[PDB]
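Below, each value reflects all heavy atoms present in this structure, side chains not excepted, and no hydrogens, waters or symmetry copies. All chains are named by letter (A, B, ...) in the order of the sequence lines, taking the proteins before the strands, and each is independently numbered beginning at 1.
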Amino acid sequence: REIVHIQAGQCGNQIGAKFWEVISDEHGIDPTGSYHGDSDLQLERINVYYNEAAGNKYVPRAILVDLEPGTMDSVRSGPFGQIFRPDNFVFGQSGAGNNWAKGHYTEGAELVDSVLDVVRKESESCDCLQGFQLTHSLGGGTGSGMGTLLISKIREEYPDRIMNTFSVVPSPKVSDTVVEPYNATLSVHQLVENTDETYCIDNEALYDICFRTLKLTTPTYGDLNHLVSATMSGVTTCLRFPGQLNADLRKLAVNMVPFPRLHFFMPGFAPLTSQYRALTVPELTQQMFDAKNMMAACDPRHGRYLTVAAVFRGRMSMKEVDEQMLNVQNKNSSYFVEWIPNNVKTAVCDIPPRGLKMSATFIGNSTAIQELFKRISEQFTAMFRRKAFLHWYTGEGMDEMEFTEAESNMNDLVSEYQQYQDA
Amino acid sequence: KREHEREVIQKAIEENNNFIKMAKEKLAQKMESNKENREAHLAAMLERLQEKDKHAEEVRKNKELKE
Ligand SMILES: Nc1nc2c(ncn2[C@@H]2O[C@H](COP(=O)(O)OP(=O)(O)O)[C@@H](O)[C@H]2O)c(=O)[nH]1
Ligand SMILES: [Ca+2]
Ligand SMILES: [Mg+2]
């Protein structure tokens, strides 16, 4: 039943806010928290993401966290900013300076308890909490360092609940500082141990989509976040609307994660937008499996699919959907591991997203995701072999050994993905 | 992990305090050593000058005990 949502740091709170805008519109919830929709399907699983307050008000089960106020002042002024519970805004003043150690060990530690108080108050009133979703980046300090601290503390207090992240992976193409690969390697180490499912949202891929496909010569954070929000709407459709398949976080984990560490998913979306032509079922299906539609910059032809979830939204022929899903599997059979039979599952939901008649969302557990980790690993090493920029971290009490261990664990994750690809 | 978290933040506190301490003691050692050196420079100058006043007395006596 209930999911608790947490958004941390600049990136986490920006994508987080858009997520709540997009799903509040799909469920007919306006910025005051009033329902003004046309269909009982909108309210039937509303409690998964929204609490009900007095006056038939729907309030997101959402906690907003940062070490600086700036992005959270912007959240509060944003279009849906009034819908959040005021007590669920938990902010420090210090900032974290793009420094994972500040987020995880010094500044974040000072604030983490007050975040947990709010987590506990939301959790306490859940009829049957399924677990948590966190939105954050891995390249900064607060979402990366403080976010992974939160995950660890949440696990200690709710060890039998599911932990899910939407984790934005850094790229030099859309880069704020040189230390991003350090912060991401340190964070991946945490995610490998302490999440059950992680959607790898790669800024490399979002940028390439905006540039190559959508023809945006200069992509902003807003253009990248349009892709992120459509993806997030798509991958949570099964949690939010009535349906058979992957209807809660645990069942999704059980279908998607054959070995506990290999829980890093490559999302995709079709059609790609920033337009009037009807998209056919064959076209959605080909495009949702296309490298160019993937939100992690990994070539899926360089690996194999362990498991896949496909979600189609809109009024369309279920027969045609089944036939096309079967067609892609039959013609591309070598890219689906033979030792997990029937490893592709398909859901269809009648309610389309805003501004589209038809859409498809793709969630892949592919061994090609190793490309993402290798790219981060190479950027990490190029610096770390000269100990460049380390004083930012050792000044917060960290040793070099902790960097060596994180790098080694992420190289092990890469070797494991490679083992199942060769099996 | 909680115990590692506590050691990182104590290590940071310990290094910052140690930096402050060592900078405080270095400064105090420099300012002392400088004071003593300057005073020894001035005391040697005065001492050469007192030796001149002493020698000027031996001159007025040589002249008195000449006559
Ligand atoms: N996709 C996306 N990435 C972002 C956004 N804001 C920052 N980033 C990325 O997030 C990383 C920086 O972390 P940020 O979240 O600003 O730092 P934090 O506040 O300390 O967590 C870099 O990799 C940026 O490219 C955003 O709104 N959308
Ligand atoms: Ca403080
Ligand atoms: Mg930032």
Checklist outcome for this item: Checking heavy-atom separations under 4.5 Å from chain A, one finds in residues 38-67 of chain B none
Checklist entry - Would you say A/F384 has more than 12 foreign heavy atoms packed within less than 6.0 Å of its CZ? => result yes
Checklist entry - Looking at B/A12 and A/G395, what are the two nearest heavy atoms and their distance? => result CB-O, 4.3 Å
Between chain B and chain A: donor-acceptor pairs at under 3.5 Å:
unit_1, atom_1, unit_2, atom_2, d
B/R2, NH1, A/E156, OE1, 3.1
B/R2, NH2, A/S152, OG, 3.1
B/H4, NE2, A/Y105, OH, 3.2
B/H4, NE2, A/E402, OE1, 2.7

Checklist entry - Does atom CZ of B/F19 have more than 12 heavy-atom neighbours from other groups under 6.0 Å away? => result no
